[PDB]
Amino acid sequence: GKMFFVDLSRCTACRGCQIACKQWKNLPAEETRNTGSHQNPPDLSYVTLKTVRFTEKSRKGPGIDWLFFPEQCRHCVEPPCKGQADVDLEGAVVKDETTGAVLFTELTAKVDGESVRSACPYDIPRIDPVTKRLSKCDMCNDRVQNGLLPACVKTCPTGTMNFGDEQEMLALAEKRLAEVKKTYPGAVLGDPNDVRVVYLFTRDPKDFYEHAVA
């Protein structure tokens, strides 16, 4: 299968990834307002599969620790969302056998959407209020099967986003973690044996987002 390695020690919060996800899928923009933050949209929604979360942490002396978290579906190896949806109807949540993408279909309208969101350890699924369909990151699975990178990985200027075969990405994650620890000694990988989106955090993952790790 495939895997993302997301090195958060390289992220400039440019939000190229956030825009590129919507350009590739021609997703609509939400109505947003500034409530005292650069972060927007404030949350994932039926029409927002990725948003960059911004967190400021105080430190001794000048500046802050500014934590950026481009949130997406983790494409779990054994996805609880599928185990929940399968109670109501098989085919609502499926897994691509070659890539490992976890994919929501139109049949998500025929299952308990709220129950599927609740089953997700990362709080990822989002419900359309009108049609009751569920959406989330689909790994750009059509691009991947056609030999292209996902839209957010291709757009990333910094090398934060990385994508490829699971063996090469786990090896990259191990090598990079050892290098990043020279600058950020508390660096850790997020749930690296359980998911296909492996984040490198520079400190306690929960400082980046309440649901950063399981």
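Start at 1 with the first residue shown and count on from there.
Here 176-184 and 146-154 are compared by their mean Cα B-factor, and 176-184 comes out higher. In this entry, 113-121 shows the higher mean Cα temperature factor of the pair 113-121 and 131-139. Looking only at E168, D65, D43, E30, the residue with the top Cα B factor in the deposited structure is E168. Per the PDB record, residue ranking by Cα B-factor puts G61 in the highest third of the chain. Remark: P192 belongs to the highest third of its chain, ranked by C-alpha B-factor as recorded. Remark: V77 belongs to the highest third of its chain, ranked by C-alpha B-factor as recorded.
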